[PDB]
Structures are given as structure tokens and as C-alpha cells.
There are 2 protein chains.
Amino acid sequence: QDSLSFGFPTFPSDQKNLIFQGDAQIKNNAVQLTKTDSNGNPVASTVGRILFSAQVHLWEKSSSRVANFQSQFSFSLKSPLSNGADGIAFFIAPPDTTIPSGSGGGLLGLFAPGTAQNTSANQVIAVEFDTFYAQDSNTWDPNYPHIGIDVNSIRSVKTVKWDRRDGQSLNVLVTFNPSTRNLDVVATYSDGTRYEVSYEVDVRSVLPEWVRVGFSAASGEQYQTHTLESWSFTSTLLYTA
Amino acid sequence: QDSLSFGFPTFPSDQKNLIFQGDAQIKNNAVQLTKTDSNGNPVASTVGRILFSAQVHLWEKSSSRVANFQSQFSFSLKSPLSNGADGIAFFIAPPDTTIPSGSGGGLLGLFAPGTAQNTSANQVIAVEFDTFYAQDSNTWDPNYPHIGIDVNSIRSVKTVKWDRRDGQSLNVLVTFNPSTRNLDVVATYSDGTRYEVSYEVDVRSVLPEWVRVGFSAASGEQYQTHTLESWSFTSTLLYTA
Ligand SMILES: CO[C@H]1O[C@H](CO)[C@@H](O)[C@H](O)[C@H]1O
Ligand SMILES: CO[C@H]1O[C@H](CO)[C@@H](O)[C@H](O)[C@H]1O
Ligand SMILES: [Ca+2]
Ligand SMILES: [Ca+2]
Ligand SMILES: [Mn+2]
Ligand SMILES: [Mn+2]
């Protein structure tokens, strides 16, 4: 299809169009990307992801069209500690994507250790909400919590200082305009605190014509829950000047 | 997802979200449901169907909600014969639906011979555009080309006279309003000729909560092409009093 749209106001237990990978599962109307114990508390060493089953036609060579898309979602992070890790990411990748070996902790379940910073070795675009930046393990991170745009590398091409708020839902709007090629990210807490980051990227040179979209999260030594509460997505192929 | 929509202004041969059954396949940016030879001429004894891969949440028991959906599509039929057969149908059925054995010809690839008219043995809602009505073989049909609403039986719960126009596209809008429980059908030819038929049906008593939507077509001894030219669909779960 030229256009596709779907919306999950909440996540009821009986899902049919979601691909669950790793430790991801539905709990209390929300998707728990990372594993939690019987009490509902976060645990260490866990990676989980979800993808919508239907493939998205991001661009079409024959017609020279590129899709304009928008992904709106909200999530919350909770941890008994104060150094919650490692973060959650909205991502777009080839349809057959699977959790790379050794992609836990700071790699957010998106990159393999040996090629995490090799751009010509990856095919992924992600918007990360990174809460752990210890310079000894996450050497590629700025020294502070941040929202970043990742293009084929765990080392963001652009980041913005961000504030982690335990238990508070962050509302996010990610949009891609094929006309200007700008991928814009706007995130806000209920009190109006806003964060914005954007980057110009030609999706045609990074991803194949058909892709799958979803979320990924992980916790290494440090942990926190990564709760996806809602998600709506829409894409439409358009002709650019 | 509570809501889902997709649009196929045309059908490029590079499809990823369509399930093809039988002889259905993409030809010249359109779906040819029934088999055609090298020159694109229709042949006898062929059945074909397509379904969108993502399952649609028609209704939800736990929340007492039922979906409001709309399906807009256009097709054309062509045959050198004076009695082209057998017809095309938009249908809704359980996710695992496959072409029943012996469902060819007048059964439109939708029903099995043994239970074609047994309502307690089927789970399908379809809007048929039936061009073959020979009273000796299609004993259940009125004696003329017609549009029919089928609920668990090849013997339509309702039909209205329809005119078959060789090689002319028919635009159809099928809608279901959960409030009134009305399934409305409106079809038109490019010259303004209009056909309308409506039927009240509680989809909850006929179909499971999750279903797949698509098209089916067949030709027995008499034949014609059944070309799906475009299709858009949208559904949203709504609270029903
Ligand atoms: C000590 O390092 C480990 O734990 C941290 C914090 O969870 C992760 O960032 C890192 O990738 C993992 O290897
Ligand atoms: C002569 O009968 C055969 O051909 C007609 C026309 O195609 C079909 O309607 C029927 O099901 C099939 O058995
Ligand atoms: Ca990090
Ligand atoms: Ca018939
Ligand atoms: Mn980072
Ligand atoms: Mn009929």
C-alpha cells in the first residue's frame, strides 16, 4: 500500500499484529520491553523489542516517491535505583531484523558490539532516549542523559540534553518530511517541559524500500522498566520536487 | 491496534502485505483474481483470493466495542463470452481462512459445496457482484445479474438488480456503522448509474473478534477476468450503546 496507518491507544493482552522479540511482553495494557520480576520490578541483563507485522513502504524507486511518516508514542521509565539503564528507542529497519548477538546494555538491542560504530555495516535509523552514559562502557555517549538520532551507529549523529523523570510518561512525536528530508523529534512531559532534536537524512540511502518499525529497549548492569504505553503511526508515499 | 487503515491507489507488482491464494496475482498494476493466459484472456476453472496480512480488530468483548469500517474499491470484468462468470466478492472471514475444496464457480471461492447454504457451518460476510445466474446450476440465485449481501451462505440475505458492463470500472463503497448495525453498499459506474443495498447485521454473532479482509473471485465453465484496480480500507473500534 501507498499509505498505512495504525493506532494503539493502549495495549490489550490479545495482540495479533505485533512481533515480540527478546523479553518483550504485554502487561497491564502496556508493553514491557524489558523483563520484570513477579513484583513488577525491573531486572538486570534483559533486552526486548516489538515490531508491527505489516511492512511499511518507505520509498519507491520506480515512482521516485519517498514516504512522509509520523510516529507518536508515550513511555515511562521506573527504577528503584537512581541510575536507571539503559534506555528505549523507536527504530526503523529491514523487515527481517532480529536482536543482534551481544546487543544488550548500552547497545540498546540495536547493534552488534563489533560493528556498533561502523556505519557501512548497519541499516537502521533510531531515536534513542538514553539514560546511562558511563564513559567506561558507553564511550560513544555525551556525558549526560540525552535524546539522540542514530543513523547506522550507536554514536548518535545528533543529540539533545534530556532529563529522566522516574515514573513520568514522556509524549513523543517523530516525523519525517521527504520534501526537506528532516527527521524531527519533539518530546514533552505533562508539565510542558519540551525537548527537540532534528537531523537531515536521505532515507533512500540508508534503508531498503520496505521496512518494519518498532521499539527496542535494554538493561545491562543497571536497570529500569521501559514501558510503552501508546503508539500511533502513519506513512504516505509522496512525490518530491 | 484499535484502528487500522491502508490504501492501494494501484497495485505495483512489488507487494509485501498481501496474502495470495489460488490463481490470484498482480498484472499491470492490478490484481487479477482469476487466471488469464499469455494474451491476458480469461480461462475456465480458476479461483483466486487476496487478503491483507494484518488482522483487523472487528470487535472487542472485554470493552463492548465494535468497529466502524469502510472499504472503497474498484474493479472491472471482461469476457468475450455473452455469459461471463462467476463474479467477485469483498469478504470478511476468520484470519486462517483458505480456499475451500470445491468452492469454484458459483461458490465464488467462498463456500464448500456441502455447507454452502448452511449458515451454522460458516463464518463469512461478503458483498458479491454475481454475473452468472443459470437457474439449473446456481439454484440459489435470483434470475438476473445482481449485487448480494452474503452472511454465512451463498444464498444472499438480500440482492438488488445490477448491470454487468464489460470492461467498465465499478466503484464501490462498503460501510458498517456499529451504532445502527447497518452494512451499507453503494456502487456506481462512471456515468452516474448507482446501485444501493443495505442490511442490518450484528457482526459479533457472525465473526470472531479478529478477522482478515479481502477479495475472492472464481470462474467455472464460463469465464471472465476479475480485476481489482484499487482499494482503501479503514476501521476503528467504537463504544456501542
Ligand atoms: C557495566 O556495563 C554493562 O551495564 C551497563 C549499564 O546497564 C551497560 O550500559 C553496558 O552496556 C553493559 O555492558
Ligand atoms: C455449469 O456449471 C459450472 O459453471 C458455472 C458457470 O461458470 C458455475 O456457476 C457452476 O458453479 C459450475 O459448476
Ligand atoms: Ca548509553
Ligand atoms: Ca451466481
Ligand atoms: Mn546514547
Ligand atoms: Mn448470487
Side-chain angles (χ1 to χ4, degrees), chain A residues 1-19 26 28-31 50-65 67-73 94-96 207-214 228-239, chain B residues 1-19 26 28-29 31 50-65 67-73 94-97 207-214 228-239:
Chain A
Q1 21 337 184
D2 282 21
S3 62
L4 182 70
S5 185
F6 61 77
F8 294 86
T10 64
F11 289 96
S13 180
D14 62 347
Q15 290 300 308
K16 302 295 178 177
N17 302 310
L18 289 179
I19 296 176
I26 302 296
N28 296 302
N29 289 50
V31 181
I50 59 173
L51 300 165
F52 188 66
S53 66
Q55 294 186 49
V56 178
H57 204 181
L58 185 63
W59 59 285
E60 186 177 61
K61 178 185 176 184
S62 66
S63 64
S64 297
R65 293 185 295 169
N68 89 293
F69 64 78
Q70 170 184 292
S71 184
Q72 180 171 63
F73 60 85
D96 59 353
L207 302 162
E209 285 176 294
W210 295 84
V211 302
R212 279 206 167 90
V213 296
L228 183 66
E229 299 158 353
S230 63
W231 178 37
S232 65
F233 179 95
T234 181
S235 66
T236 308
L237 285 180
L238 298 179
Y239 288 104
Chain B
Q1 22 336 184
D2 292 2
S3 55
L4 176 63
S5 66
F6 55 80
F8 294 88
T10 64
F11 289 100
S13 62
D14 183 46
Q15 293 305 311
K16 294 293 183 297
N17 299 309
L18 294 179
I19 297 176
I26 302 297
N28 301 305
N29 298 303
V31 179
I50 58 164
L51 297 164
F52 190 65
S53 64
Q55 291 176 50
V56 179
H57 204 180
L58 188 60
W59 59 285
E60 187 176 63
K61 186 176 180 179
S62 66
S63 64
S64 175
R65 294 184 297 170
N68 171 168
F69 68 78
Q70 301 175 60
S71 185
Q72 196 297 310
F73 60 87
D96 58 358
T97 183
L207 296 167
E209 302 178 70
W210 293 82
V211 304
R212 276 201 169 97
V213 295
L228 182 63
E229 296 163 349
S230 64
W231 175 38
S232 68
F233 177 96
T234 185
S235 60
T236 307
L237 287 177
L238 300 180
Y239 298 114

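Just so it is clear: chains get the letters A, B, ... in the order the sequence lines come, proteins before strands, and each one is counted from 1. Reckoned from all heavy atoms, side chains included, excluding hydrogens, waters and symmetry mates.
Rounding to the nearest 0.5 Å places CZ of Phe6(B) at 12.0 Å from OG of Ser5(A). Put simply, NE2 on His57(A) and NZ on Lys16(B) are 7.5 Å apart, with the number rounded to the nearest 0.5 Å.
Closest heavy-atom contact between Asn17(B) and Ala54(A): OD1-CA, 3.4 Å. When all heavy atoms of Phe52(A) and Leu4(B) are compared, the closest pair comes out as CZ-CD1, 4.3 Å.
Between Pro12(B) and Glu60(A) there is a side-chain heavy-atom pair separated by less than 4.5 Å.
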